[PDB]
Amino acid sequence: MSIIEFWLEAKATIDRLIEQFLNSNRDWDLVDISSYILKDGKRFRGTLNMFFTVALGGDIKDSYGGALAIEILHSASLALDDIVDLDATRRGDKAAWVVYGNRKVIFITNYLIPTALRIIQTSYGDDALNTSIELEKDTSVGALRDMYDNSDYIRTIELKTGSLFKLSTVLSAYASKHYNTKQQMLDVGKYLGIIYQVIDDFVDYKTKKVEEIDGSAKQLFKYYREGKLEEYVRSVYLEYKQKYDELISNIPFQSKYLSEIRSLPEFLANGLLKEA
């Protein structure tokens, strides 16, 4: 529908923001490496942010700020993910570390983060910041579990992947001047995030070798080995699709995008399955 269209523009607008930010940097040294970690992304979380802000009654103008902080955090987490799982093929190209090394990439990351935070509070306020720092710590926990404490699959993928979704959605609540839907929008992101990561893992089993499945996806092996994976995944997706279809009824979204938000997961899910 219009959703994909919006995404094409949002994505395009988002890249513009990265330039208006990168080129505009007193630090004419951190620009090269960053440009690398930051490029070629589909900017999915940022457009969802931009989407909800509009669907809430705000002006996209008010999203440009968080939408950028988000992809900077998302991109940053991706380059680290490669360092951790030892992948050299991020964005269908040589991973960051595989070029500047393990240090540079990391250091840049330890800089992109606090920058992202400033950007958020600078345009939303301290409450926004603190919420961001709370989600940021969740991600840091999730990442550890995603690697070692692989147990309680749902709680783990909520923490590693769902967190930045919640950031993406919750920010639309500040951005749209509807802070009243805060707690509610934190959940939208939870359900969308979970839904996103459960399918992403499902696509790992179907397009990757089992011996090549890292992360919390491993915990799903107990379903896959028995040929009941699709069954488990499907169930999950439905569970959190219903919680989602419900939550949206108690959330004051503009009628115009009502019938477009219902398919957000439906859209988001397939978007991954296309790689098959």
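Position 1 is the first residue in the sequence shown; the rest follow in order.
- When 32-40 is weighed against 56-64, 32-40 comes out higher, by mean CA B-factor as recorded in the entry.
- Higher mean CA B-factor, judged across 109-117 and 154-162 from the recorded values: 109-117.
- Highest CA B-factor among the listed residues (137, 178, 90, 74): 90.
- Each of 125, 101, 189, 142 has a CA temperature factor in the record; the biggest one is found at 101.
- Among the modelled residues of the chain, residue 222 sits in the middle third by CA temperature factor in this PDB entry.
- Sorting the modelled residues of the chain by their CA temperature factor places residue 198 in the lowest third.
- The entry lists a Cα temperature factor for residue 81 that places it in the lowest third of the chain's modelled residues.
- Among all modelled residues in its chain, residue 147 ranks in the middle third by Cα B-factor.
- The entry lists a Cα temperature factor for residue 97 that places it in the highest third of the chain's modelled residues.
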